[PDB]
């Protein structure tokens, strides 16, 4: 299923729309408007999920909590641990090194 000019054109547009959000948020942090901006663009349950994903990443990096603890404390089952681990492994090395410094 190789990509066509139609599919490539749509994918480029979606990427530019994502970058426009990223840039809006960047400027909101510089204006101290990021809290209401994130409340406008993210639903309550989405904000809750992001806060939980940070805890999962933190605990996976620390390597102390067992899988049972991850489930009971964070609601994180084996599937989400596996995905979370894959995303950590796929991260650029500069990000992983920075997350170990900030979260730990």
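Numbering follows the first chain given and starts at 1.
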Mean Cα B-factor comparison, 29 to 37 or 70 to 78, giving the higher one as deposited: 70 to 78
Entry-level comparison of average CA B-factors, 16 to 24 and 85 to 93, reporting the higher stretch: 85 to 93
Within-chain third of residue 65 by Cα B-factor, per the entry: highest
Cα B factor band for residue 59 (lowest, middle or highest third within the chain): middle
